[PDB]
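Visitor: The structure's right below; bear with me while I get my questions together.
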Number of protein chains: 2
Amino acid sequence: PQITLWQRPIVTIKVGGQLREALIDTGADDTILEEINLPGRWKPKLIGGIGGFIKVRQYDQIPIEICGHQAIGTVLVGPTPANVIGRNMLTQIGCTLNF
Amino acid sequence: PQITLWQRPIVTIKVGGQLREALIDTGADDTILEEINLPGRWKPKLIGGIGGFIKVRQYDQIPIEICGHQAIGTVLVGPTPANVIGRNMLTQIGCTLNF
């Protein structure tokens, strides 16, 4: 697909046998989802906060589907104002910026 | 240009007679620069924060240049971890996401 930026670029994703809304965020290194039970091993990770750190669970090599494109990558799970698809996942689906 | 997302999409911009580095951020509604003297009238604006609001100065209809494309739009000036080019400016240069 070609997505324009007049609205927030919010897409339907498939992850952990669920459907989620997530923002395509070229400003985010990492992919973070609100609380979801993901399979496999996780390790704790500290991400940056309004005067402090947030502890999240890091799952490696998680299958996602973004507008029908599969992508394996790291997903962080914990407190987030939205599901965010960050650059680690956008590279996997061949997402570029174009003008 | 076509910009891939293996690295942060940081571009050279021209604004207020200065050169700045800024992140292309599809996750940002608005364009925010670190302290710069911009011409014209500004009004105060509250944007969201780690447990609170940040007061910034809103300049309307400011010329920018991103990789040689001119774009008029709103620029916010105040405390920001980086220059951020948000969607209000990316639409003006015809920036899309593509995969």
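To be explicit about the labels: the chains of the structure tokens are called A, B, and onward in the order shown, and within each one the residues are counted from 1, while ligands get numbers from 1 in the order they are shown.
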Would you kindly return, as number ranges by chain, each protein, DNA or RNA residue with an atom no farther than 12 Å from any atom of residue 77 in chain A, considering only C-alpha atoms and excluding same-chain residues fewer than 6 positions away?
Guide: A: 15-16, 30-39, 42-47, 54-60, 62, 83-84
Visitor: Looking only at the backbone, which of the residues in chain A does DSSP tag as strand (DSSP E or B), as a PyMOL selection string?
Guide: chain A and resi 2-3+10-15+18-24+32-33+42-49+52-66+69-77+84-85+96-98
Visitor: Write out as an NGL selection string every residue belonging to chain A that has an atom at most 9 Å from any atom of chain B, counting only C-alpha atoms.
Guide: :A and (1-9 or 23-29 or 49-52 or 69 or 84 or 87-88 or 90-91 or 93-99)
Visitor: Save out the residues we just selected, C-alpha atoms, as a short mmCIF file (atom, residue, chain, number, x, y, z; two decimals), in the first residue's frame.
Guide:
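Contents of the output file out_23.cif:
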data_model
loop_
_atom_site.label_atom_id
_atom_site.label_comp_id
_atom_site.auth_asym_id
_atom_site.auth_seq_id
_atom_site.Cartn_x
_atom_site.Cartn_y
_atom_site.Cartn_z
CA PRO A 1 0.00 0.00 0.00
CA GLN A 2 0.71 3.78 -0.23
CA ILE A 3 -0.39 5.59 3.00
CA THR A 4 -0.66 9.41 3.03
CA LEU A 5 -0.26 11.39 6.30
CA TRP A 6 -3.40 13.66 6.35
CA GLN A 7 -4.64 11.36 9.19
CA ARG A 8 -2.68 9.27 11.69
CA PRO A 9 -1.37 6.19 9.87
CA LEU A 23 0.20 3.57 14.61
CA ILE A 24 2.96 3.44 11.94
CA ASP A 25 5.62 5.53 13.74
CA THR A 26 8.91 6.24 11.85
CA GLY A 27 9.94 8.20 14.93
CA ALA A 28 9.95 4.95 17.10
CA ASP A 29 13.01 2.62 17.13
CA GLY A 49 9.66 8.14 30.40
CA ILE A 50 8.35 11.55 31.59
CA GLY A 51 11.01 11.81 34.33
CA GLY A 52 11.91 8.16 34.53
CA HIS A 69 2.67 -8.37 4.97
CA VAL A 84 3.04 1.50 17.92
CA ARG A 87 11.23 0.91 12.60
CA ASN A 88 12.37 -2.65 13.70
CA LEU A 90 8.70 -1.43 9.26
CA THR A 91 12.05 -2.56 7.69
CA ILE A 93 7.69 -5.22 5.46
CA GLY A 94 9.80 -2.95 3.14
CA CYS A 95 8.20 0.29 4.44
CA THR A 96 9.87 3.43 3.07
CA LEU A 97 9.15 7.14 3.22
CA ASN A 98 8.72 8.62 -0.31
CA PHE A 99 8.48 12.19 -1.74
#
Visitor: Could you superpose chain B on chain A by least squares over every Cα, matched in sequence order, and send it back as an mmCIF file with C-alpha atoms, in the first residue's frame?
Guide:
data_model
loop_
_atom_site.group_PDB
_atom_site.id
_atom_site.type_symbol
_atom_site.label_atom_id
_atom_site.label_comp_id
_atom_site.auth_asym_id
_atom_site.auth_seq_id
_atom_site.Cartn_x
_atom_site.Cartn_y
_atom_site.Cartn_z
ATOM 1 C CA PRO B 1 0.000 0.000 0.000
ATOM 2 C CA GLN B 2 0.710 3.777 -0.234
ATOM 3 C CA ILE B 3 -0.389 5.588 3.000
ATOM 4 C CA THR B 4 -0.656 9.412 3.030
ATOM 5 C CA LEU B 5 -0.260 11.386 6.305
ATOM 6 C CA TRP B 6 -3.404 13.664 6.346
ATOM 7 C CA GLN B 7 -4.644 11.362 9.185
ATOM 8 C CA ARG B 8 -2.684 9.266 11.686
ATOM 9 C CA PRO B 9 -1.373 6.192 9.866
ATOM 10 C CA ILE B 10 -3.318 3.609 11.992
ATOM 11 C CA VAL B 11 -3.435 0.084 10.479
ATOM 12 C CA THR B 12 -5.005 -3.267 11.481
ATOM 13 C CA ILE B 13 -2.301 -5.757 12.626
ATOM 14 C CA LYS B 14 -2.478 -9.500 13.469
ATOM 15 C CA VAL B 15 -0.354 -10.562 16.463
ATOM 16 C CA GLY B 16 -0.639 -13.339 19.134
ATOM 17 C CA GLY B 17 -3.883 -14.618 17.487
ATOM 18 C CA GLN B 18 -5.526 -11.145 18.093
ATOM 19 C CA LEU B 19 -6.433 -8.147 15.852
ATOM 20 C CA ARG B 20 -4.998 -4.780 17.016
ATOM 21 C CA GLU B 21 -5.008 -1.144 15.777
ATOM 22 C CA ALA B 22 -1.464 0.284 15.673
ATOM 23 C CA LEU B 23 0.203 3.572 14.608
ATOM 24 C CA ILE B 24 2.961 3.438 11.943
ATOM 25 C CA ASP B 25 5.624 5.528 13.743
ATOM 26 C CA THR B 26 8.914 6.238 11.849
ATOM 27 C CA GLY B 27 9.939 8.196 14.934
ATOM 28 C CA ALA B 28 9.953 4.946 17.103
ATOM 29 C CA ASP B 29 13.012 2.615 17.132
ATOM 30 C CA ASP B 30 10.893 -0.216 18.656
ATOM 31 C CA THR B 31 7.419 -1.812 18.368
ATOM 32 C CA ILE B 32 5.302 -1.616 21.570
ATOM 33 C CA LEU B 33 1.856 -3.130 22.168
ATOM 34 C CA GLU B 34 -0.562 -2.718 25.035
ATOM 35 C CA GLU B 35 -0.909 -5.772 27.311
ATOM 36 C CA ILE B 36 -1.237 -8.949 25.205
ATOM 37 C CA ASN B 37 -0.189 -12.536 26.075
ATOM 38 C CA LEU B 38 2.601 -13.344 23.631
ATOM 39 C CA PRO B 39 4.219 -16.778 23.374
ATOM 40 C CA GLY B 40 7.829 -17.547 24.269
ATOM 41 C CA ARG B 41 10.548 -16.224 26.530
ATOM 42 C CA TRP B 42 10.628 -12.530 27.469
ATOM 43 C CA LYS B 43 13.243 -10.425 29.239
ATOM 44 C CA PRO B 44 12.612 -7.113 31.057
ATOM 45 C CA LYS B 45 13.672 -3.879 29.271
ATOM 46 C CA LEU B 46 13.789 -0.217 30.462
ATOM 47 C CA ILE B 47 12.406 2.353 27.933
ATOM 48 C CA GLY B 48 12.431 6.211 28.492
ATOM 49 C CA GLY B 49 9.664 8.137 30.399
ATOM 50 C CA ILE B 50 8.354 11.550 31.590
ATOM 51 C CA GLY B 51 11.009 11.806 34.329
ATOM 52 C CA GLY B 52 11.914 8.159 34.533
ATOM 53 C CA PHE B 53 11.990 4.699 33.005
ATOM 54 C CA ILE B 54 9.105 2.293 32.135
ATOM 55 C CA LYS B 55 9.746 -1.466 32.612
ATOM 56 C CA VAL B 56 8.352 -3.570 29.652
ATOM 57 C CA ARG B 57 8.604 -7.202 28.557
ATOM 58 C CA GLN B 58 10.725 -7.850 25.461
ATOM 59 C CA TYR B 59 9.640 -10.766 23.211
ATOM 60 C CA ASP B 60 12.024 -11.596 20.356
ATOM 61 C CA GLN B 61 11.029 -13.027 16.924
ATOM 62 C CA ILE B 62 7.262 -12.486 17.123
ATOM 63 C CA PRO B 63 5.149 -12.873 13.974
ATOM 64 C CA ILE B 64 3.018 -9.860 13.041
ATOM 65 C CA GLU B 65 0.877 -9.118 9.935
ATOM 66 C CA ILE B 66 0.621 -5.443 8.785
ATOM 67 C CA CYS B 67 -1.822 -4.872 5.814
ATOM 68 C CA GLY B 68 -1.189 -8.505 4.752
ATOM 69 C CA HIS B 69 2.675 -8.369 4.971
ATOM 70 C CA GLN B 70 4.248 -10.840 7.501
ATOM 71 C CA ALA B 71 7.236 -9.517 9.578
ATOM 72 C CA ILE B 72 9.166 -11.332 12.422
ATOM 73 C CA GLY B 73 10.692 -8.986 15.069
ATOM 74 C CA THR B 74 10.992 -7.794 18.639
ATOM 75 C CA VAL B 75 7.760 -6.672 20.307
ATOM 76 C CA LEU B 76 7.707 -4.797 23.652
ATOM 77 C CA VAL B 77 4.606 -5.295 25.865
ATOM 78 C CA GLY B 78 3.526 -2.879 28.580
ATOM 79 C CA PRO B 79 2.053 0.583 29.280
ATOM 80 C CA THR B 80 1.743 2.565 26.006
ATOM 81 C CA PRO B 81 -0.737 5.255 24.899
ATOM 82 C CA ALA B 82 -1.298 3.129 21.671
ATOM 83 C CA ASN B 83 -0.045 0.110 19.741
ATOM 84 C CA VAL B 84 3.037 1.501 17.921
ATOM 85 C CA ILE B 85 4.763 -0.157 14.906
ATOM 86 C CA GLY B 86 8.336 1.131 14.983
ATOM 87 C CA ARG B 87 11.235 0.908 12.603
ATOM 88 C CA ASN B 88 12.369 -2.650 13.697
ATOM 89 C CA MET B 89 9.079 -3.971 12.146
ATOM 90 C CA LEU B 90 8.705 -1.434 9.259
ATOM 91 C CA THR B 91 12.051 -2.556 7.695
ATOM 92 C CA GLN B 92 10.765 -6.166 7.663
ATOM 93 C CA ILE B 93 7.687 -5.225 5.456
ATOM 94 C CA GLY B 94 9.801 -2.950 3.138
ATOM 95 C CA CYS B 95 8.197 0.289 4.437
ATOM 96 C CA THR B 96 9.874 3.432 3.067
ATOM 97 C CA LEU B 97 9.154 7.144 3.223
ATOM 98 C CA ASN B 98 8.719 8.622 -0.308
ATOM 99 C CA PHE B 99 8.481 12.195 -1.742
#
